[PDB]
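Participant: Residue numbers (my numbering), protein chains in the order written: chain R, 1 to 211; chain H, 212 to 422; chain P, 423 to 600; chain X, 601 to 778.
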Ligand SMILES: CC(C)CCC[C@@H](C)[C@H]1CC[C@H]2[C@@H]3CC=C4C[C@@H](OC(=O)CCC(=O)O)CC[C@]4(C)[C@H]3CC[C@]12C
Ligand SMILES: CC(C)CCC[C@@H](C)[C@H]1CC[C@H]2[C@@H]3CC=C4C[C@@H](OC(=O)CCC(=O)O)CC[C@]4(C)[C@H]3CC[C@]12C
């Protein structure tokens, strides 16, 4: 039924004063709305309701209003605890629909990434699998293009990767590509390598090891 | 949930005065009930509601009451239009459950049944099937035991039969067992026969034909 | 048959004006939008002319002493007779609409369309849940509450109308010895 | 300041007995089970106070002529003072309940248990569908009848309390020149 669209996330926010996003809808929703603040590790907190009344018991320096399909909110104060995701919802007709989420960033400078290699171990291969890990660290932003090639051949649908959070000191991101590989395929292949590209490098770089 | 059980049907009612049936329930139903009259060929008609009030606009010589799980109804008048099915329902808790049906009979004397044979025709077998029909008529009651044997062997799960209604003059029942048979099985078999048994015969009788 | 109220008749006609005011106020207060089938008090408009009649009767006794002729000495009989007739009509309607509420539907009394459109999806005479279960439902509870309220206001109107008729009958029997 | 009602004050006190009768009748009528949170007028038992105070004043004004001493002549000031104070409290509570009905919750006035068991499942202060849709549902549009009934009852109560206070103030101002 009712579907909500949100402004693109990962917005580059310099340490200034302006901070504005939007949350649109397809069908004309009612005048009343609701905005909430979500924080990780504990229960979320209310932000503003009806776009005309402030929070109850929580001081609010925000300024959010609007009508129809376009709504505008702006915050000027810069506190060290506002960096979180933002959710927008609606209550026009049941069932209700929820947003996806927009997380703000800290405007950290780019860092030069590094690479590493690790051949499979005897104990690892004796279990019935072989995994090679390439360690990626000190890179910005979180978006990166990393792929694997074996014997100068391309493979797909075999890599599972998870990202990490941001530290409270420098907000440094790390990655570690790990793929579980079969022994039979490990025996008949010669060259294993991993390639990474980023804005900090002017030419792709790869590392290879002897089996 | 609630399930209703009814008195056995096909009750032998001599042309007298007494006529009584029952409709029981498992769980204790409420005091109010409902009885209806169903006739074939047109819409049914109301009989009695709440077991304490007569019909509206229709004279009622019936006498039906009761409480708890046992209910009794009795009709003394004998009209030529009361021979039909009887339905009992309940409205204690949703969803409601309906009965199965009890049909009264006319107490007709037993009649001697007859048998007939019919070999498959050339036009019938040229179509791709062969059916043999044994005609049963002038029998009482509707219940009968008829089966088929081929080459002194018993077969099951191949016979479909439908019954007829009762005439307004003598209430005579008729039957015609017909089974569709394949050509390949028809070619390799020798003896076809059908057997019927009834109270009017002191020994089973069968008829056979030459192929 | 004891005559002891003629000499103190100043208050008897003095209270009647505000009795009529109370009657018309109750009639107006009973004109709240309720549902589709309005009661008998609507199709006859009895409270309006009843209160008008009562207030005119009360104002008739403004000048008890003889001031003019053929207007303050001749109307005293027609006015009290018509007041008594209005009272007896009052009891007839009151007994009818107090007896018709606890029994099944008797007559129609359709309400006018201007108020009907406000609440056109409910009925006031009967409300049954149409299901043996869910008896502890807010709908039936609210029906019982509003029915009790209507019965109470009707009983109040009955009692005060009966008292008004009693005093009117006394004042009309004061004039003539039958 | 023009004194013109002293000689004809018999009616003014005569109407008070049946005004108190109206007050007690309305108080009894309003005590039908209606909701979970009773209004402010329920827990204060004001109608009993008003009715008793009015009927005792009416009994006091039974014999204006000098018959006895220290009973029919001394209490005329305490009686008027207590009646005026009761009327003052009357319209104070009246304005309170007429202002707190259109605004958010202020206090609870929890009802007694004997009426509590009969009406557990309906609220009187506010009924809301809790859903933006289904606005044309009985559970939403089917509160306004009792809402308007209560509003009218409170309004007529306030008006008649004001009238009674006005006439009592005139009577007491007749007795003493301030
Ligand atoms: C001489 C009078 C004082 C005798 C008493 C008549 C009142 C009891 C009736 C007459 C017209 C009725 C009114 C007719 C219409 C409405 C509109 C209603 O609100 C609406 O429905 C808004 C209009 C709309 O939406 O159509 C509020 C009640 C009210 C004032 C009714 C209140 C009761 C009224 C005033
Ligand atoms: C003898 C007469 C002149 C004395 C005064 C009687 C009327 C002029 C007054 C008394 C109470 C008043 C009522 C008090 C409350 C309302 C509720 C009001 O309802 C609404 O407007 C709200 C509608 C909603 O949204 O529910 C309609 C007018 C009405 C009946 C008022 C109409 C005029 C009334 C009946």
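Beta carbons are placed, not taken as given, at the ideal position from N, Cα and C, and that holds for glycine.
Output yes if chain P places a C-beta closer than 7 Å to the C-beta of residue 752 of chain X; else output no.
Facilitator: Taking Cβ atoms only, chain P reaches closer than 7 Å to residue 752 of chain X, which makes this a yes.
Participant: Is the stretch 468 to 479 of chain P close to the stretch 433 to 448 of chain P, with three or more CB pairs under 8 Å?
Facilitator: Yes, since at least three Cβ pairs between the stretch 468 to 479 of chain P and the stretch 433 to 448 of chain P fall closer than 8 Å, the two stretches touch.
Participant: Hey, residue 116 of chain R and residue 135 of chain R: beta-carbon distance below 7 Å or not?
Facilitator: Contact: yes.
Participant: Considering only C-alpha positions, which residue in the set X:707, X:736, X:679, X:690 is nearest to residue 771 of chain X?
Facilitator: Checked all of X:707, X:736, X:679, X:690; the closest Cα to residue 771 of chain X is X:679.
Participant: Which residues, in order along the stretch 545 to 556 of chain P, keep a beta-carbon less than 8 Å from a beta-carbon of chain H?
Facilitator: The residues in question are 553, 554, 555.
Participant: Please list, in chain order, all residues with a C-beta atom less than 6 Å from at least one heavy atom of ligand 3.
Facilitator: Ligands displayed in this structure: ligand 1 and ligand 2; ligand 3 is not among them.
Participant: Between the stretch 685 to 703 of chain X and chain P, which residues of the former have a C-beta closer than 9 Å to a C-beta of the latter?
Facilitator: For the stretch 685 to 703 of chain X, which is checked against every Cβ of chain P, not one residue is closer than 9 Å.
Participant: Sort R:70, R:42, R:157 by Cα distance to residue 88 of chain R and report the nearest one.
Facilitator: Comparing Cα positions, the closest option is R:70.
Participant: Excluding five sequence neighbours on each side, which residues of the same chain lie with their C-beta closer than 6 Å to the C-beta of residue 75 of chain R?
Facilitator: For residue 75 of chain R, where only same-chain residues beyond five positions count, the Cβ hits under 6 Å are 19, 62.
Participant: Any residues in the stretch 338 to 349 of chain H with a beta carbon nearer than 7 Å to a beta carbon of chain P? Which ones, in chain order?
Facilitator: Listed by position, the residues of the stretch 338 to 349 of chain H near chain P (Cβ gap below 7 Å) amount to none.
Participant: Taking 7 Å as the CB-CB limit, is residue 369 of chain H close to chain P?
Facilitator: No, because no Cβ of chain P sits closer than 7 Å to the Cβ of residue 369 of chain H.
Participant: For chain X, is any of its Cβ atoms less than 7 Å away from the one on residue 539 of chain P?
Facilitator: Output row for residue 539 of chain P: interface = no.
Participant: Whose C-alpha, out of H:243, H:325, H:421, is nearest the C-alpha of residue 383 of chain H?
Facilitator: For residue 383 of chain H, the nearest C-alpha among the options comes from H:325.
Participant: Any beta-carbon of chain P closer than 7 Å to the one on residue 748 of chain X?
Facilitator: So, interface residue.
Participant: With hydrogens ignored, establish whether the beta-carbon of residue 475 of chain P is closer than 6 Å to any heavy atom of ligand 1.
Facilitator: Because no heavy atom of ligand 1 lies under 6 Å away, the Cβ of residue 475 of chain P does not count as near it: no.
Participant: Any C-beta of chain P within less than 9 Å: which residues of the stretch 228 to 262 of chain H qualify?
Facilitator: The residues in question are 241, 243.
Participant: Whose C-alpha, out of H:377, H:350, H:394, H:402, is nearest the C-alpha of residue 158 of chain H?
Facilitator: This structure cannot speak to residue 158 of chain H, because chain H is shown only from 212 to 422.
Participant: Answer with yes or no whether the minimum CB distance from residue 216 of chain R to chain X is below 7 Å.
Facilitator: The question about residue 216 of chain R has no answer here: the residues shown for chain R are numbered 1 through 211.
Participant: Just confirm the distance between the C-beta atoms of residue 546 of chain P and residue 459 of chain P, as a whole number of angstroms; I'd bet it's less than 8 Å.
Facilitator: Confirmed, Cβ separation roughly 6 Å.
Participant: The alpha helix (DSSP H) spanning residue 447 of chain P covers which residue range?
Facilitator: It spans 432 to 451 - the alpha helix (DSSP H) in which residue 447 of chain P sits, taken as one unbroken run.
Participant: Give the single residue among P:529, P:482, P:517, P:537 whose Cα lies nearest to the Cα of residue 496 of chain P.
Facilitator: Ranking P:529, P:482, P:517, P:537 by Cα distance to residue 496 of chain P puts P:482 first.
Participant: Is the Cβ-Cβ distance between residue 262 of chain H and residue 275 of chain H less than 7 Å?
Facilitator: Their beta carbons are under 7 Å apart, which means residue 262 of chain H touches residue 275 of chain H by this criterion.
Participant: Can you name the residues of chain X whose CB is closer than 7 Å to the CB of residue 447 of chain P?
Facilitator: The contacting residues are 756.
Participant: At what residues does the alpha helix (DSSP H) containing residue 502 of chain P begin and finish?
Facilitator: Residue 502 of chain P -> alpha helix (DSSP H) spans 497 to 521.
Participant: DSSP three-state call for residue 155 of chain R: helix, strand or coil?
Facilitator: In the structure shown, residue 155 of chain R sits in coil (DSSP, three-state: anything other than H, G, I, E or B).
Participant: May I ask you to report which of helix, strand or coil DSSP gives residue 483 of chain P?
Facilitator: Here residue 483 of chain P sits in coil by DSSP.
Participant: To the nearest angstrom, how far is it from the Cα of residue 361 of chain H to the Cα of residue 407 of chain H?
Facilitator: Looking at the two C-alpha atoms, the distance is approximately 15 Å.
Participant: Counting only Cβ pairs nearer than 7 Å, list the residues of chain X close to residue 451 of chain P.
Facilitator: Ordered by position in chain X, the residues that pass the 7 Å Cβ test against residue 451 of chain P are 752, 756.
Participant: Who are the near neighbours of residue 96 of chain R in its chain, counting only those whose CB is closer than 7 Å to its CB and skipping five residues on each side?
Facilitator: Excluding positions up to five away in sequence, the list reads 89, 90.
Participant: Measure the alpha-carbon distance for residue 110 of chain R versus residue 703 of chain X and round it to whole angstroms.
Facilitator: Between residue 110 of chain R and residue 703 of chain X, the C-alpha separation is close to 58 Å.
Participant: Which bits of chain X does residue 543 of chain P rub up against, with CB to CB less than 9 Å?
Facilitator: Ordered by position in chain X, the residues that pass the 9 Å Cβ test against residue 543 of chain P are 736, 737, 738, 741, 742.
Participant: Let's test the definition: count the other Cβ atoms within 10 Å of the Cβ of residue 374 of chain H and tell me whether it reaches 16, buried, or not, exposed.
Facilitator: By the neighbour-count rule (16 or more Cβ atoms within 10 Å), residue 374 of chain H is not buried but exposed.
Participant: Residue 392 of chain H to residue 357 of chain H, Cα distance in whole Å?
Facilitator: Straight-line Cα distance between these residues: approximately 18 Å.
Participant: Going by Cα to Cα distance, which pick from P:543, P:578, P:575, P:425 is closest to residue 739 of chain X?
Facilitator: Out of P:543, P:578, P:575, P:425, P:543 has the C-alpha closest to the C-alpha of residue 739 of chain X.
Participant: Can you tell me whether residue 474 of chain P is helix, strand or coil according to DSSP?
Facilitator: DSSP places residue 474 of chain P in helix when its eight states are reduced to three.
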